[PDB]
Every structure is written in structure tokens, then in C-alpha cells.
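To begin, one chain is listed below as C-alpha cells, in the form deposited in one PDB entry.
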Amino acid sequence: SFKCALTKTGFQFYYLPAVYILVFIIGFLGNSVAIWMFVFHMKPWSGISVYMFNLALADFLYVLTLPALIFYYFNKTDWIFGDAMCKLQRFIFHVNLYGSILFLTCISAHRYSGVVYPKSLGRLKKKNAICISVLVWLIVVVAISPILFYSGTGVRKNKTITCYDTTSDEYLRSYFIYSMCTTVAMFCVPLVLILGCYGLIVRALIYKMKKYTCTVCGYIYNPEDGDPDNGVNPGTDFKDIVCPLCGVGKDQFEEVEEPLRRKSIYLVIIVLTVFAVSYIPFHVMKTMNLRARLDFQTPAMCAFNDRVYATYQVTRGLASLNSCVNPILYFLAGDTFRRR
């Protein structure tokens, strides 16, 4: 059985530990602040707050495991924590990955319901968000539990201990099949669902006219309500046309800050960037690398497999970066921190 003599040193053995240190420092800080802010500076929690707290919980838990991984790279890739801790290290990475994707889908589906179908179902949205969150954690734990079988420690020829990121050669093909099932069900399907929600969010927002406020008095002109007292039909745009309150001209009017529109665009921008930079490259490369390891072990393919392996290492770092990028979403796409 021919095998491609893999030789990649001086790059990946510096990159991943540096990214892991960066993610630990920024991720522990941001998620500690977020978890502190939701628990002690938010009462009651809205629908999105429940999903955002769960996303922060998935990130902090994963961030908590990083020093072990950083140690492993600083210890010439020799795992000293045992078989069980290796399995738990790998399980948590995948639980964080898929839990994050599913909670991002929850936030996306929730904003679509708020933007398209807006009425005060405050407690109804909170109770449903808690129930959905529990189900999401149950789905993720169950679907990701095989990682506890596949992953584990292995003794190298030089007597060192590897903590397998995938699995042993005996279960590798089975692992690829399993990974394809989770890639399709917990990455591909949520991605199509997020895109649909975002397309419908952008469609609903672009089809509606913007409100204008007076800098002199503070009167808000609604395009749908209009101003029939002066001679403006309800439904007409601001450009189609004096202020009914104070009496100043149109020149003293500026566009109103819409909280739902701003939080929706921020979510659309941040999530799409995160899928384009982290989620999509990682899933493509994870798959490509397993495919090369299983089906492309011929001398003519070795050079290409090396490039795939190196590119995959890059995406592993990008995948981990989400843990320190996600807190930004709680302050730019989330509800204000208030205790009522």
C-alpha cells in the first residue's frame, strides 16, 4: 500500500498554535464579557438573547479547551492528557462548530420572522427560543457523539502520542462518510436556510421607503402614513412632495435611525462574511483532505495532496477564529443590555 510521504514543517507547527493563542486571548475576553453582560446586565432576555447566550456558551466552552491544544503544539505534538481528554477536545470543537451554525440559523430565522411577519409575543418568543435552544443542543450532542468514538490517542513509531483530529486508518473511510452526513445536514442545509432568510430580509427592507425626522422640532414623517393635512397622500415617498409641527422646510429633515433594519444588515454582513471566510473553506478543505488521504494515494497525486493538506491547515485556523468574531454580533446585531 503506497502512501504519499507527507512533509510539512516550519509552517503548520507555528500557525495553529499562534491562531489558538490569539483565539484564546480574544475569545476568552469577548465571551467572558458577553456571558457576564447577558447574566448580570440583561433582564428579561428576548428571543435573540436566548440564542446569542447559547452561541456565547458554545464559544466559551470551546475557548476553555484551547490551552491544552496550545500545550500539545508546544510539546512537539505529544498528547499527555490521555485518550478521554483527546476525545473530549475533538468533540467540543465539533459541538462548537455545529452548535454555532445552528444558533446562527436560529438568529437568522428569528430576524426573518421579526422583519417579514411583525402584536407583542415577547414571552411566547422567549419560551419558544429556550425550547428550540434545548432541542438544538440535543440534536448537536447526538449528531456529534460519534466523534467520541472516532477521535482518540495513537502511539507513533518515535513513541510520541498523537491526539487524532480525524481517526485511525481502520475507521477513516467510515469517518469520511459520517463527516459528509453532518456536513450536508448541519452545514449545507442551515446555509441554504440562512441565505433564503437573508434574501427575504433584504427583499422586505429594499421594497419599503425610509422615514424622515426634523432637526428643528423632532417630527417623524412616516411614508405609509403621510401628511393629508397639508396635501400629501398616504403611501407616497418623501421626494414626491413644510413640517406640520414646527413649520420648517424639507431641507431640515434627515433619515430616521431604524433599529431593526441596522441590526438585520449587520447580521446579514457578519454571518455571510463568516461563512465565506471560515465555514465554507473549512468544510470544502476538511472533505478534500479526507478524500486525498483515502482515494488519491498515487505518486502523481502527492504534490496536489500536499497543497490540499496545507490549505486545509489554514482553514482549521479560520474555523477557530469564529469564537472571537461572534461576540461582535451581540453588540451590533443584538438587543440593548437593559434590566427592566
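Between two forms, the rigid core is the largest collection of C-alphas that superpose within 1.5 Å. Numbers follow the displayed sequence, beginning with 1.
According to the record, the deposited sequence contains no missing residues between residue 135 and residue 136, so the chain is continuous there. Per the record, residue 118 and residue 119 are separated by 1 to 3 deposited residues that have no coordinates. The deposited model assigns a higher average Cα B-factor to 258-266 than to the other stretch when 127-135 and 258-266 are compared. Looking at mean Cα B-factors across 179-187 and 243-251, the upper value is held by 243-251. Per the PDB entry, 205 shows the highest C-alpha temperature factor of the residues 172, 192, 205, 86.
The PDB entry gives the largest Cα B-factor of the residues 199, 223, 99, 152 to 223. Sorting the modelled residues of the chain by their CA temperature factor places residue 219 in the highest third. For residue 20, the recorded CA B-factor ranks within the lowest third of the chain. Only modelled residues enter the ranking. Sort the modelled residues of the chain by CA B factor and residue 28 lands in the middle third. Sort the chain's modelled residues by C-alpha temperature factor and residue 210 lands in the highest third, per the entry. For residue 60, the recorded CA B-factor ranks within the middle third of the chain. Only modelled residues enter the ranking.
Below, we refer to the form deposited in another entry, which is not included among the displayed structures.
Just one residue from the list 124, 269, 135, 142 crosses the 2 Å line for C-alpha shift between the shown form and the other one on a rigid core fit, and it is 124.
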